[PDB]
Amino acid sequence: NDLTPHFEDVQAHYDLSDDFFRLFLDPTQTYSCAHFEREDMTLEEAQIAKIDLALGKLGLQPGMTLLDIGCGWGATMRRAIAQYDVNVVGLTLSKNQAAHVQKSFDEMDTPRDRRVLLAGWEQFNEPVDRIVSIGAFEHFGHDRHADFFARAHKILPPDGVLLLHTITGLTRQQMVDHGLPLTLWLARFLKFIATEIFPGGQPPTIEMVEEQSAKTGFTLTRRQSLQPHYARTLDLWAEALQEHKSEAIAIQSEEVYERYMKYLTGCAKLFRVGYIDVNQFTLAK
């Protein structure tokens, strides 16, 4: 009981319009920090790289069941099937993403089991072999971190692994350590994000993830930062949207166009300056 998913807040963003998101996301519609392993790698190649990077840390074996909490448009799961031959289960609070993932699953010609549920992790209690979550944690809310890890720990096998990929904000002290000032623009931009882009969005700090996951019984076998990659990922998304300005205005409006350009370019500065980080936490039971 209780802890019912924050559908409205999350949907206010991801259910805007698939057509709109298609204007700037790479073809796989991955919506999270990419990983440019080769300097001249395209956004799609870098997104696939980030996918494989996360998946390869799980120790996936044929026949296992992989749970993707906050699966987005399903590229990660579809890639997990082809590259690791595992069955997949995806959770998302986005109606458009659920419909899209389902459709894409139907069009796949694989024997592996695959389904997507319009539900939060808080509503999922099925046993699974491994868990991947990329860019979803930031939406969970600090007040639910503890319960999140408890559930992940509960549904994973005794030697299960959780790959938690999430944006992390520097503590106030870390910012001071890095000589990053608390400017009016920063506070203003953050309020903007929370008000017009990601309501309910509360990125954790690094220590929050470590401490909370440790309390549950997870061991952090590795934390890997992709900070420099997000600024670039963000620039590419911003540029694509800008290249589709007229299409964006047609599908939505100039207001929405400008809102997203403001959000995309603004965040690119956050990572570029270093106010925000993005990390992959390999958590083992």
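The numbering used is simple: start at 1 and walk along the sequence shown.
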**Residue range whose averaged C-alpha B-factor is higher in the record, 163-171 or 107-115** = 107-115
**Prompt:** Where do the C-alpha atoms have the higher mean temperature factor in this entry, in 43-51 or in 248-256?
**Reply:** 248-256
**Request:** Quick one: which of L93, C71, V88, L190 shows the highest Cα temperature factor in the PDB entry?
**Result:** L190
**Request:** Compare the C-alpha B factor of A75 with those of the other modelled residues in its chain, then answer lowest, middle or highest third.
**Result:** lowest
**Prompt:** Which third, lowest, middle or highest, does the CA B-factor of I276 fall in along this chain?
**Reply:** middle
**Message:** Per the entry's values, where does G179 land by CA temperature factor relative to the rest of its chain, in the lowest, middle or highest third?
**Reply:** highest
**Asked** Among the chain's modelled residues, which third holds the C-alpha B-factor of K57?
**Response** lowest
**Prompt:** By the record's CA B-factor, is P27 among the lowest, middle or highest third of residues in the chain?
**Reply:** lowest
